[PDB]
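Take any residue in the sequence shown, note its place counting from 1, add 10, and you have its number in the entry's author numbering.
In this text, a Cβ means the ideal position worked out from N, Cα and C, and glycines have one as well.
Encoded as structure tokens, the structure appears first; notes follow it.
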Amino acid sequence: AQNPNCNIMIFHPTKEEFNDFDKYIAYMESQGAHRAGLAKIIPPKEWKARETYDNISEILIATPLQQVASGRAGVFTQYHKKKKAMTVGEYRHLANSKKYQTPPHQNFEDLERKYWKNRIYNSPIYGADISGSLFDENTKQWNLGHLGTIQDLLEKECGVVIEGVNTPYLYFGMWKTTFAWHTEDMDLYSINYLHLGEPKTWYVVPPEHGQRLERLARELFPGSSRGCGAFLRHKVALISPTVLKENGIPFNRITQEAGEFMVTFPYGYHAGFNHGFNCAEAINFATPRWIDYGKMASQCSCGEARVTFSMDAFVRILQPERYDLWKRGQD
Ligand SMILES: O=C(O)CNC(=O)C(=O)O
Ligand SMILES: [Mg+2]
Ligand code: NI
Ligand SMILES: [Zn+2]
């Protein structure tokens, strides 16, 4: 069995290996990368996502989200308070202001310590889930706006033709902006490219151990757990590495820098934070190996998780018994 300790693997494809996206994912899996729940891919030195980032300031963040925390430093939830629209140039200036900028620090480890000590005492503003792409249309390799769609994968594997679309999303972050513990919708893969700016630290639980994280979360967030049998789908709960280690939960951590791709694998729980002003692009994707994970994915039916149009068909075809209840939660 490859990668039996479920370590995060880092890949350096050549320019020739970077041509065929599906083939390279399957390669990484042949080496056990999925066992970690997360892999890093460093593009060949010949590759670029686009020519420059000098002209992005006029992108609009229609609904910036202020991430307000409640709880204790290592075990907290966050809610998202909507703020007035602002441009990426305005948001960058905000991120760099004395109120929001990254503090002085020695290295990534010191910064990580400061994040876990101090996160809850501040409310950083995140531009999330903005439909669009920063890949140049002429970038042929690993262009997250040109990937094979999940609907076409389901159709290729299972023969059923379904409605829905699959497009990328932009994320503009600042110091302390936080992504809560979650798996993807329908336990899909994700791919995330850090276009510019400061790093993103990730934490991940191996897929084979995901239920250990879920059981800890039910203990740590007992009211939420009573409210919903899949409350991590709400994407609001944070648990620190120290707490995870205290409770024996297997996990790994890695820091993504600008120019690097991360892939999350089906049912790989992940969480993390941004080091300072940055911009990432991410999208879900599928492979044949995902299908069985999609059929088994938990679902929120309490009404909190509310998701895209395109997830309807996935539930309807893969999970027909659950469909009726889940759809009620959507409506
Ligand atoms: O970058 C972020 O804020 C969150 N991204 C992801 O969870 C991802 O790519 O799967
Ligand atoms: Mg612009
Ligand atoms: Ni994710
Ligand atoms: Zn729910």
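Is residue i near ligand 4 - that is, is its Cβ less than 6 Å away from at least one heavy atom of it?
i, result
"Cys312", "yes"
"residue 9", "Nothing can be reported for residue 9: it is not among the residues displayed for the chain, which extend from 11 to 341."
"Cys238", "yes"
In whole angstroms, what separates the C-alpha of residue i from that of residue j?
i, j, result
"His205", "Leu144", "8 Å"
"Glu68", "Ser133", "24 Å"
"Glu314", "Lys58", "38 Å"
"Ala227", "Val246", "11 Å"
"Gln12", "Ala49", "14 Å"
"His115", "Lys124", "9 Å"
"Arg263", "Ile51", "15 Å"
"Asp139", "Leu180", "6 Å"
"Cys238", "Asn117", "39 Å"
"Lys55", "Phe86", "40 Å"
"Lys33", "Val170", "23 Å"
"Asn106", "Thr187", "13 Å"
"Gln77", "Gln88", "6 Å"
"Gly155", "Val175", "12 Å"
"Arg332", "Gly339", "11 Å"
"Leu121", "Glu39", "32 Å"
"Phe261", "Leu254", "8 Å"
"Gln266", "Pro276", "19 Å"
"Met272", "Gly286", "18 Å"
"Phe231", "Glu218", "22 Å"
"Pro209", "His280", "16 Å"
"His90", "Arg102", "19 Å"
What do you get for residue i, buried or exposed, if any count of 16 or more other CB atoms within 10 angstroms of its CB means buried?
i, result
"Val214", "buried"
"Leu335", "exposed"
"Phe319", "exposed"
"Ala292", "buried"
"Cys168", "exposed"
"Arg45", "buried"
"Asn148", "exposed"
"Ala79", "buried"
"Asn284", "buried"
"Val98", "buried"
"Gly220", "buried"
"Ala296", "buried"
"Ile160", "buried"
"residue 361", "Coverage of the chain is limited to positions 11 through 341, which leaves residue 361 absent and any answer about it impossible."
Could you check whether the Cβ of residue i sits closer than 6 Å to any heavy atom belonging to ligand 3?
i, result
"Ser308", "no"
Which residues in the same chain have their Cβ closer than 7 Å to the Cβ of residue i, if we skip the five residues on either side of it in sequence?
i, result
"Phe31", "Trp152 and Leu157"
"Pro113", "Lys124"
"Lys92", "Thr73 and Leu75"
"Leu70", "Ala95 and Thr97"
"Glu27", "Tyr34"
"residue 362", "Residue 362 lies beyond the residue range present for the chain, which begins at 11 and ends at 341; the question has no answer from this structure."
Are there any heavy atoms of ligand 1 lying less than 6 Å away from the beta-carbon of residue i, as far as the coordinates show?
i, result
"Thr265", "no"
"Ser200", "yes"
"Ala292", "yes"
"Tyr181", "yes"
"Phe145", "no"
"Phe241", "no"
"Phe189", "yes"
"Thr24", "no"
Is the CB-CB distance between residue i and residue j below 7 Å?
i, j, result
"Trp126", "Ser250", "yes"
"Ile130", "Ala83", "yes"
"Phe182", "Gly137", "yes"
"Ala36", "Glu173", "no"
Just to check, is the beta-carbon of residue i closer than 6 Å to a non-hydrogen atom of ligand 2?
i, result
"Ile69", "yes"
"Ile66", "yes"
I'd like the list of long-range same chain contacts for residue i, defined as Cβ closer than 8 Å, with 5 residues on each side in sequence excluded.
i, result
"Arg243", "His192, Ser308, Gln309, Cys310, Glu314 and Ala315"
"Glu270", "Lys50, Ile51, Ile52, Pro53, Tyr203 and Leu204"
Quick one: what's got a C-beta closer than 6 Å to residue i's C-beta in the same chain, skipping five residues either side?
i, result
"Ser200", "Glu194, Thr274, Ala292 and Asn294"
"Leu328", "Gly304 and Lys305"
"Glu224", "none"
"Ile18", "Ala46, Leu48, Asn262 and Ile264"
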